[PDB]
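target_12.txt (compact mmCIF, C-alpha atoms)
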# COMPACT_ATOMS: atom_id res chain seq x y z
CA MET W 103 -53.54 26.03 37.35
CA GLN W 104 -53.84 22.26 36.97
CA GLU W 105 -53.98 22.72 33.19
CA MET W 106 -50.86 24.90 33.39
CA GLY W 107 -49.07 22.25 35.44
CA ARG W 108 -50.03 19.45 33.07
CA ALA W 109 -48.87 21.47 30.06
CA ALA W 110 -45.58 22.26 31.79
CA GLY W 111 -45.08 18.58 32.60
CA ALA W 112 -45.83 17.58 29.01
CA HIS W 113 -43.53 20.28 27.60
CA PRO W 114 -40.39 18.08 27.42
CA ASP W 115 -42.31 15.53 25.35
CA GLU W 116 -43.12 17.88 22.47
CA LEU W 117 -39.76 19.61 22.88
CA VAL W 118 -37.82 16.38 22.32
CA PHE W 119 -40.17 15.10 19.62
CA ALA W 120 -40.03 18.34 17.61
CA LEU W 121 -36.25 18.26 17.97
CA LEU W 122 -36.18 14.72 16.57
CA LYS W 123 -38.51 15.77 13.75
CA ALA W 124 -35.87 18.43 13.02
CA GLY W 125 -33.17 15.75 12.89
CA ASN W 126 -32.48 16.24 9.19
CA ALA W 127 -32.66 20.03 9.49
CA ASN W 128 -30.48 20.34 12.60
CA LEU W 129 -26.94 19.04 13.14
CA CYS W 130 -24.77 17.16 15.61
CA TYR W 131 -21.39 17.85 17.23
CA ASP W 132 -19.71 16.65 14.03
CA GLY W 133 -21.38 19.57 12.22
CA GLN W 134 -23.28 17.80 9.46
CA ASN W 135 -26.99 17.10 9.76
CA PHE W 136 -28.02 14.69 12.50
CA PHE W 137 -29.41 12.42 9.75
CA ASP W 138 -27.09 12.51 6.73
CA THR W 139 -25.55 9.88 4.46
CA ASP W 140 -21.98 11.28 4.59
CA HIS W 141 -21.07 11.57 8.27
CA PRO W 142 -17.30 12.38 8.41
CA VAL W 143 -16.96 10.98 11.93
CA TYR W 144 -14.27 8.45 10.99
CA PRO W 145 -12.11 7.79 7.91
CA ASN W 146 -14.51 4.99 6.91
CA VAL W 147 -17.28 7.44 6.09
CA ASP W 148 -20.74 6.09 6.91
CA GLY W 149 -24.29 7.27 6.33
CA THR W 150 -26.90 7.17 9.09
CA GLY W 151 -29.90 7.42 6.79
CA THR W 152 -31.01 6.74 3.22
CA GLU S 53 5.93 27.83 14.82
CA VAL S 54 4.63 24.25 15.01
CA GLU S 55 5.10 22.39 18.29
CA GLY S 56 5.19 18.65 17.67
CA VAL S 57 7.85 16.49 16.02
CA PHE S 58 9.08 12.89 16.42
CA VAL S 59 12.75 12.44 15.47
CA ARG S 60 13.93 9.41 17.48
CA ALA S 61 13.53 6.96 14.58
CA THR S 62 10.35 6.25 16.53
CA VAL S 63 7.53 4.04 15.28
CA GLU S 64 4.03 5.30 14.51
CA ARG S 65 1.00 3.64 12.95
CA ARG S 66 0.72 4.78 9.32
CA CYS S 67 -1.78 2.92 7.14
CA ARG S 68 -0.83 2.56 3.47
CA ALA S 69 -3.29 0.10 1.89
CA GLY S 70 -5.37 -2.25 4.04
CA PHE S 71 -2.73 -2.34 6.80
CA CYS S 72 -1.04 -0.02 9.29
CA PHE S 73 2.75 -0.22 9.46
CA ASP S 74 5.66 1.62 11.06
CA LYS S 75 6.38 4.99 9.45
CA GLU S 76 6.97 8.66 10.35
CA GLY S 77 4.73 11.21 8.64
CA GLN S 78 2.95 14.26 10.03
CA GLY S 79 4.17 13.57 13.56
CA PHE S 80 2.86 16.88 14.90
CA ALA S 81 0.85 17.83 17.99
CA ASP S 82 -1.19 20.46 16.10
CA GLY S 83 -3.83 19.78 13.46
CA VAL S 84 -5.77 21.86 10.94
CA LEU S 85 -6.43 19.30 8.21
CA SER S 86 -6.86 15.54 7.73
CA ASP S 87 -7.84 15.19 11.39
CA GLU S 88 -9.91 12.04 10.80
CA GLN S 89 -7.07 10.47 8.81
CA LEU S 90 -4.43 11.95 11.13
CA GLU S 91 -5.92 10.09 14.11
CA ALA S 92 -5.17 6.78 12.41
CA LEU S 93 -1.88 8.18 11.09
CA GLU S 94 -0.89 10.01 14.31
CA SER S 95 -1.23 7.14 16.79
CA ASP S 96 1.15 8.14 19.57
CA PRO S 97 4.56 6.47 19.33
CA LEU S 98 5.50 2.90 20.18
CA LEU S 99 9.13 3.70 21.09
CA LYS S 100 11.13 6.65 22.42
CA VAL S 101 9.87 9.96 21.06
CA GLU S 102 11.62 13.33 21.22
CA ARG S 103 10.42 16.66 19.84
CA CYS S 104 12.22 19.51 18.09
CA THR S 105 11.55 22.96 16.61
CA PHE S 106 11.11 22.64 12.85
CA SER S 107 9.63 26.16 12.76
CA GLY S 108 8.35 25.49 9.25
CA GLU Y 53 41.63 8.90 26.50
CA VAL Y 54 38.12 10.22 25.84
CA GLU Y 55 36.49 9.76 29.24
CA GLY Y 56 33.05 10.48 27.79
CA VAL Y 57 31.61 11.16 24.36
CA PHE Y 58 28.17 12.25 25.64
CA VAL Y 59 26.81 11.57 22.15
CA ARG Y 60 24.39 8.63 22.01
CA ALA Y 61 20.78 9.79 21.53
CA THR Y 62 21.66 13.41 22.45
CA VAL Y 63 22.40 16.41 20.25
CA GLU Y 64 24.36 19.42 21.51
CA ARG Y 65 24.76 23.07 20.56
CA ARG Y 66 27.08 23.72 17.60
CA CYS Y 67 27.48 27.39 16.65
CA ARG Y 68 28.88 27.60 13.12
CA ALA Y 69 28.61 30.24 10.38
CA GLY Y 70 26.44 32.41 12.62
CA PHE Y 71 23.70 29.75 12.91
CA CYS Y 72 23.79 27.34 15.86
CA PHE Y 73 22.37 24.08 14.54
CA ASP Y 74 22.17 20.83 16.54
CA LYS Y 75 23.84 17.77 15.01
CA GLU Y 76 27.02 15.69 14.44
CA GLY Y 77 27.17 14.46 18.06
CA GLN Y 78 30.25 16.50 19.01
CA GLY Y 79 29.76 15.94 22.74
CA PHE Y 80 32.83 15.58 24.94
CA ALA Y 81 33.81 15.93 28.60
CA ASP Y 82 37.49 16.54 29.37
CA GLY Y 83 40.00 19.27 30.16
CA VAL Y 84 42.27 18.73 27.16
CA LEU Y 85 41.78 21.82 24.98
CA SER Y 86 39.21 24.45 24.02
CA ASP Y 87 37.78 24.20 27.53
CA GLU Y 88 36.11 27.60 27.27
CA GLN Y 89 34.39 26.59 24.02
CA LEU Y 90 33.23 23.39 25.74
CA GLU Y 91 30.35 25.40 27.21
CA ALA Y 92 29.26 26.53 23.75
CA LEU Y 93 29.62 23.01 22.37
CA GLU Y 94 27.59 21.52 25.26
CA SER Y 95 25.15 24.45 25.42
CA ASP Y 96 22.18 22.40 24.18
CA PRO Y 97 22.21 18.65 24.84
CA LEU Y 98 18.47 18.91 24.31
CA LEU Y 99 17.97 15.16 23.90
CA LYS Y 100 18.72 12.28 26.25
CA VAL Y 101 22.41 11.44 26.57
CA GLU Y 102 24.11 8.05 26.83
CA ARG Y 103 27.87 8.15 27.34
CA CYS Y 104 30.31 5.72 25.73
CA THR Y 105 34.09 6.09 25.70
CA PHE Y 106 36.01 5.96 22.42
CA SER Y 107 39.27 5.24 24.31
CA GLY Y 108 41.05 7.90 22.25
CA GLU M 53 6.16 -15.15 16.82
CA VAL M 54 9.28 -13.49 18.26
CA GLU M 55 9.20 -13.01 22.03
CA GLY M 56 11.47 -9.96 21.89
CA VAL M 57 14.21 -8.24 19.88
CA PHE M 58 15.56 -5.63 22.33
CA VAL M 59 17.32 -3.95 19.42
CA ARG M 60 17.12 -0.16 19.86
CA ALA M 61 19.79 -0.27 17.14
CA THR M 62 22.15 -1.89 19.65
CA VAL M 63 23.17 -5.49 20.35
CA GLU M 64 24.29 -6.59 23.80
CA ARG M 65 27.73 -8.01 22.91
CA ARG M 66 28.43 -9.32 19.40
CA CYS M 67 31.96 -10.69 19.79
CA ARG M 68 33.71 -11.95 16.66
CA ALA M 69 37.31 -12.57 15.57
CA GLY M 70 38.50 -12.17 19.16
CA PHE M 71 37.08 -8.65 19.55
CA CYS M 72 33.79 -7.76 21.25
CA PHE M 73 31.73 -4.99 19.63
CA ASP M 74 28.29 -3.40 20.09
CA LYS M 75 26.14 -3.08 16.95
CA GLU M 76 23.76 -4.86 14.53
CA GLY M 77 21.02 -5.23 17.19
CA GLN M 78 21.03 -9.04 17.46
CA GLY M 79 19.13 -9.28 20.76
CA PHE M 80 16.79 -12.24 21.21
CA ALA M 81 14.86 -13.71 24.15
CA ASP M 82 14.05 -17.37 23.53
CA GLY M 83 15.49 -20.83 24.10
CA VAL M 84 15.15 -21.99 20.51
CA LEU M 85 18.87 -22.73 20.18
CA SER M 86 22.36 -21.68 21.28
CA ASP M 87 21.17 -20.72 24.76
CA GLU M 88 24.70 -21.18 26.11
CA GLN M 89 26.01 -18.91 23.35
CA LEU M 90 22.90 -16.75 23.75
CA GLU M 91 24.18 -15.92 27.24
CA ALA M 92 27.42 -14.60 25.74
CA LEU M 93 25.76 -12.75 22.85
CA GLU M 94 23.14 -11.27 25.18
CA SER M 95 23.54 -10.14 28.81
CA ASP M 96 25.07 -6.73 28.04
CA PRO M 97 22.61 -4.06 26.80
CA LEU M 98 24.88 -1.09 27.48
CA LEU M 99 22.48 1.39 25.89
CA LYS M 100 18.71 1.63 26.28
CA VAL M 101 16.58 -1.36 25.27
CA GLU M 102 13.55 -1.16 22.97
CA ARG M 103 11.55 -4.35 22.41
CA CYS M 104 9.60 -4.52 19.13
CA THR M 105 8.61 -8.10 18.31
CA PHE M 106 8.88 -9.02 14.63
CA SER M 107 6.23 -11.77 14.93
CA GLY M 108 8.58 -14.19 13.19
CA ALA D 153 -17.28 -26.82 6.46
CA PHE D 160 -19.04 -17.28 9.17
CA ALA D 161 -18.47 -19.90 11.88
CA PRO D 162 -21.02 -20.15 14.72
CA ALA D 163 -20.57 -22.35 17.79
CA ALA D 164 -22.93 -24.40 19.96
CA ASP D 165 -21.99 -24.55 23.64
CA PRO D 166 -23.60 -26.16 26.70
CA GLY D 167 -24.01 -24.24 29.93
CA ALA D 168 -25.42 -26.83 32.33
CA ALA D 169 -22.04 -28.41 33.07
CA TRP D 170 -20.03 -26.24 35.45
CA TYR D 171 -17.23 -26.14 32.86
CA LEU D 172 -17.92 -23.52 30.20
CA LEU D 173 -16.14 -23.29 26.86
CA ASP D 174 -13.40 -20.68 26.42
CA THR D 175 -12.45 -20.49 30.09
CA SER D 176 -10.83 -17.26 31.30
CA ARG D 177 -8.00 -16.71 33.79
CA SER D 178 -8.07 -13.40 35.68
CA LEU D 179 -4.42 -13.50 36.74
CA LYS D 180 -4.44 -10.18 38.60
CA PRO D 181 -7.20 -7.65 39.31
CA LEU D 182 -7.24 -4.61 37.06
CA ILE D 183 -4.73 -2.02 38.27
CA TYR D 184 -4.45 1.59 37.08
CA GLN D 185 -0.79 2.58 36.72
CA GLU D 186 0.33 6.19 36.39
CA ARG D 187 3.40 8.42 36.15
CA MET D 188 2.63 11.29 38.52
CA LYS D 189 5.91 10.42 40.26
CA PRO D 190 8.87 12.67 39.37
CA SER D 191 10.31 10.01 37.06
CA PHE D 192 10.40 8.70 33.49
CA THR D 193 12.19 10.14 30.45
CA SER D 194 9.59 10.53 27.69
CA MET D 195 7.90 13.18 29.88
CA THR D 196 10.93 15.02 31.35
CA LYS D 197 13.66 14.64 28.72
CA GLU D 198 11.02 14.58 25.98
CA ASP D 199 7.86 16.68 25.85
CA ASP D 200 5.51 16.04 28.76
CA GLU D 201 3.47 12.86 28.37
CA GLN D 202 2.09 12.21 31.88
CA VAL D 203 1.40 8.68 30.73
Please lay out the structure from this file as structure tokens.
Amino acid sequence: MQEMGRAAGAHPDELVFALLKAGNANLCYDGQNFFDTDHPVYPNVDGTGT
Amino acid sequence: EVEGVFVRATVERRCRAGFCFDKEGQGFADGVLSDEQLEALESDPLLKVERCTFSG
Amino acid sequence: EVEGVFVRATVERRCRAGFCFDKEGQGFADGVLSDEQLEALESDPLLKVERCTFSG
Amino acid sequence: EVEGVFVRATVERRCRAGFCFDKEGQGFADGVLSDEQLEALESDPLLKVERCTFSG
Amino acid sequence: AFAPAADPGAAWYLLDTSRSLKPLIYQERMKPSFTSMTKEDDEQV
């Protein structure tokens, strides 16, 4: 049960880190990938990754 | 029908080339295209604004 | 005289040729003539009014 | 800069040739010159006032 | 002859002094008044 509790406590760590690892694969509110070079957030298009 | 029009000779921020100057363009309260550019172009009015029914 | 033009910045109802557009600032307020049609003429001062006598 | 224009496409009182009119939107707010005559020219915005500084 | 600036802070006068004339106040138009919201489309400024 202590192992179960420790794994449950550590769960958010790997959850968040796997999500970040999926940054390029996944997307943000704007729709494009969380890490793209052509974010259409504002008229002055900018790229958050190269 | 489109709701949204500005016909009081009112001023709005329209940016032509490197500057934003008084001009009346889209002037609508609904958007389907050019939203990112419309925001800069559709800055709410400086002066009296009144709306009408273009129904275009 | 024209006690009030009821024109500045306002546009009233003008039924002509079967289509009732809004323009030409034909607002008036008096009991001279066409009093019954005054309702139709002033049936849509949609926009803000600002009276100014023409002293006619 | 210009402190204010108060034009709204209407002057306060532009009186010339013995007759006082209302047009050309010549409203200013500053003591650069002709303050005594600025009292006569200004001090009568019959219609609405819209201030849009020209930054002159 | 960008333009940096070197400023002291020990003296109790600091460069670029500010004047807070009035405390920040949030104004509103909930009152049954104003034209651009009644005469013109609602604006609730």
Same-sequence superposition of chain M onto chain S, all C-alpha, as an mmCIF file with C-alpha atoms, in the frame of the given file:
data_model
loop_
_atom_site.group_PDB
_atom_site.id
_atom_site.type_symbol
_atom_site.label_atom_id
_atom_site.label_comp_id
_atom_site.auth_asym_id
_atom_site.auth_seq_id
_atom_site.Cartn_x
_atom_site.Cartn_y
_atom_site.Cartn_z
ATOM 1 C CA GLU M 53 6.176 27.325 13.450
ATOM 2 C CA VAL M 54 5.660 23.590 14.042
ATOM 3 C CA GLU M 55 4.239 22.728 17.460
ATOM 4 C CA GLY M 56 5.905 19.308 17.511
ATOM 5 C CA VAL M 57 7.251 16.497 15.322
ATOM 6 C CA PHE M 58 7.643 13.601 17.792
ATOM 7 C CA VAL M 59 9.752 11.804 15.201
ATOM 8 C CA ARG M 60 12.622 9.999 16.961
ATOM 9 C CA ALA M 61 12.885 8.291 13.562
ATOM 10 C CA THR M 62 9.519 6.643 14.232
ATOM 11 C CA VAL M 63 5.947 7.450 13.194
ATOM 12 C CA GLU M 64 2.989 6.420 15.328
ATOM 13 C CA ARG M 65 1.041 4.380 12.743
ATOM 14 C CA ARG M 66 1.451 5.084 9.019
ATOM 15 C CA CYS M 67 -1.112 2.709 7.510
ATOM 16 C CA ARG M 68 -1.230 2.430 3.721
ATOM 17 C CA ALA M 69 -2.503 -0.109 1.178
ATOM 18 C CA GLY M 70 -4.362 -1.974 3.923
ATOM 19 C CA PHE M 71 -1.238 -2.601 6.021
ATOM 20 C CA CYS M 72 -0.159 -0.572 9.058
ATOM 21 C CA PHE M 73 3.579 0.085 9.428
ATOM 22 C CA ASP M 74 5.871 2.119 11.704
ATOM 23 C CA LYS M 75 8.433 4.354 9.966
ATOM 24 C CA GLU M 76 9.061 7.701 8.208
ATOM 25 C CA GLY M 77 8.471 9.719 11.417
ATOM 26 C CA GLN M 78 5.309 11.565 10.331
ATOM 27 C CA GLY M 79 4.206 12.690 13.806
ATOM 28 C CA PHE M 80 2.487 16.067 14.078
ATOM 29 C CA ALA M 81 0.593 17.898 16.834
ATOM 30 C CA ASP M 82 -1.720 20.526 15.356
ATOM 31 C CA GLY M 83 -5.270 20.931 14.092
ATOM 32 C CA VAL M 84 -4.324 22.456 10.755
ATOM 33 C CA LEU M 85 -6.106 19.736 8.774
ATOM 34 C CA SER M 86 -7.076 16.055 8.721
ATOM 35 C CA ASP M 87 -7.571 15.946 12.489
ATOM 36 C CA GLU M 88 -9.877 12.940 12.113
ATOM 37 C CA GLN M 89 -7.209 11.202 10.029
ATOM 38 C CA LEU M 90 -4.555 12.683 12.322
ATOM 39 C CA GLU M 91 -6.057 10.546 15.094
ATOM 40 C CA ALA M 92 -5.458 7.417 13.010
ATOM 41 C CA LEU M 93 -1.980 8.427 11.822
ATOM 42 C CA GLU M 94 -0.982 9.480 15.341
ATOM 43 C CA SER M 95 -1.993 7.912 18.677
ATOM 44 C CA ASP M 96 0.534 5.054 18.601
ATOM 45 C CA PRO M 97 4.153 6.030 19.417
ATOM 46 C CA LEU M 98 5.357 2.499 20.140
ATOM 47 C CA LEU M 99 8.974 3.583 20.568
ATOM 48 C CA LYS M 100 10.347 6.584 22.448
ATOM 49 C CA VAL M 101 9.237 10.066 21.381
ATOM 50 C CA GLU M 102 11.616 12.952 20.660
ATOM 51 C CA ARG M 103 10.081 16.342 19.858
ATOM 52 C CA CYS M 104 12.249 18.678 17.753
ATOM 53 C CA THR M 105 10.163 21.455 16.203
ATOM 54 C CA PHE M 106 11.122 22.360 12.635
ATOM 55 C CA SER M 107 9.755 25.923 12.973
ATOM 56 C CA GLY M 108 7.822 25.461 9.739
#
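Going from CA of residue 61 in chain Y over to CA of residue 74 in chain S, you cover 20.1 Å.
You will find CA of residue 55 in chain M at 7.8 Å from CA of residue 107 in chain M.
The two atoms in question, CA of residue 97 in chain S and CA of residue 58 in chain S, are spaced 8.4 Å apart.
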- Item | Surrounding residues of range 115-130 of chain W excluding itself and chain neighbours under 2 positions, 12 Å, all atoms listed in the file, as a ChimeraX atom specification | /W:108-113,132-139,141-143,150-152
Convert the current residue selection to file output with C-alpha atoms, as a PDB file, in the coordinates of the input.
ATOM      1  CA  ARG W 108     -50.030  19.450  33.070  1.00  0.00           C
ATOM      2  CA  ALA W 109     -48.870  21.470  30.060  1.00  0.00           C
ATOM      3  CA  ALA W 110     -45.580  22.260  31.790  1.00  0.00           C
ATOM      4  CA  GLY W 111     -45.080  18.580  32.600  1.00  0.00           C
ATOM      5  CA  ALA W 112     -45.830  17.580  29.010  1.00  0.00           C
ATOM      6  CA  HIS W 113     -43.530  20.280  27.600  1.00  0.00           C
ATOM      7  CA  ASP W 132     -19.710  16.650  14.030  1.00  0.00           C
ATOM      8  CA  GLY W 133     -21.380  19.570  12.220  1.00  0.00           C
ATOM      9  CA  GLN W 134     -23.280  17.800   9.460  1.00  0.00           C
ATOM     10  CA  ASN W 135     -26.990  17.100   9.760  1.00  0.00           C
ATOM     11  CA  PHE W 136     -28.020  14.690  12.500  1.00  0.00           C
ATOM     12  CA  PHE W 137     -29.410  12.420   9.750  1.00  0.00           C
ATOM     13  CA  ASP W 138     -27.090  12.510   6.730  1.00  0.00           C
ATOM     14  CA  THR W 139     -25.550   9.880   4.460  1.00  0.00           C
ATOM     15  CA  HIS W 141     -21.070  11.570   8.270  1.00  0.00           C
ATOM     16  CA  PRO W 142     -17.300  12.380   8.410  1.00  0.00           C
ATOM     17  CA  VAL W 143     -16.960  10.980  11.930  1.00  0.00           C
ATOM     18  CA  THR W 150     -26.900   7.170   9.090  1.00  0.00           C
ATOM     19  CA  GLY W 151     -29.900   7.420   6.790  1.00  0.00           C
ATOM     20  CA  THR W 152     -31.010   6.740   3.220  1.00  0.00           C
TER      21      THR W 152
END
- Query: Using all atoms listed in the file, which chain S residues lie at most 9 Å away from chain M, written as a list in words?
  - Reply: residues 98, 99 and 100 of chain S
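Close contacts of residue 90 in chain M, defined as residues with an atom at most 10 Å away when counting only C-alpha atoms, with chain neighbours fewer than 5 positions off set aside, comprise residues 79, 80, 81, 82, 83, 84, 85 and 95 of chain M.
Restricting the calculation to all atoms listed in the file, the smallest distance between residue 96 in chain S and any of S:78, S:53, S:73, S:65 is found for S:65.
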- Item | Counting all atoms listed in the file, chain D residues within 8 Å of chain S, as a PyMOL selection string | chain D and resi 194+197-199
Please, could you write that set of residues out with C-alpha atoms as a PDB file, in the coordinates of the input?
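Final file, result.pdb:
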ATOM      1  CA  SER D 194       9.590  10.530  27.690  1.00  0.00           C
ATOM      2  CA  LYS D 197      13.660  14.640  28.720  1.00  0.00           C
ATOM      3  CA  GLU D 198      11.020  14.580  25.980  1.00  0.00           C
ATOM      4  CA  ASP D 199       7.860  16.680  25.850  1.00  0.00           C
TER       5      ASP D 199
END
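You can rank S:105, S:75, S:94, S:88 by their closest distance to chain W using all atoms listed in the file, and at the top of that list sits S:88.
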- Residues of chain S within 10 Å of chain W, only C-alpha atoms counted, as a list in words: residues 86, 87, 88, 89, 90, 91 and 92 of chain S
Hey, could you pull the box centre and edge lengths for range 182-192 of chain D, axis-aligned, 3 Å padding per side, all listed atoms, to one decimal in Å, as JSON?
{"center_x": 1.6, "center_y": 4.0, "center_z": 36.9, "size_x": 23.6, "size_y": 23.3, "size_z": 12.8}
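The list of residues with at least one atom within 10 Å of range 153-165 of chain D, based on all atoms listed in the file and without residues fewer than 6 positions apart in the same chain, reads residues 172, 173 and 174 of chain D.
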- Task: Please provide as a PyMOL selection string all residues within 6 Å of residue 187 in chain D, with the sequence filter that same-chain residues fewer than 2 positions apart are discarded (counting only C-alpha atoms).
- Result: chain D and resi 189+202-203
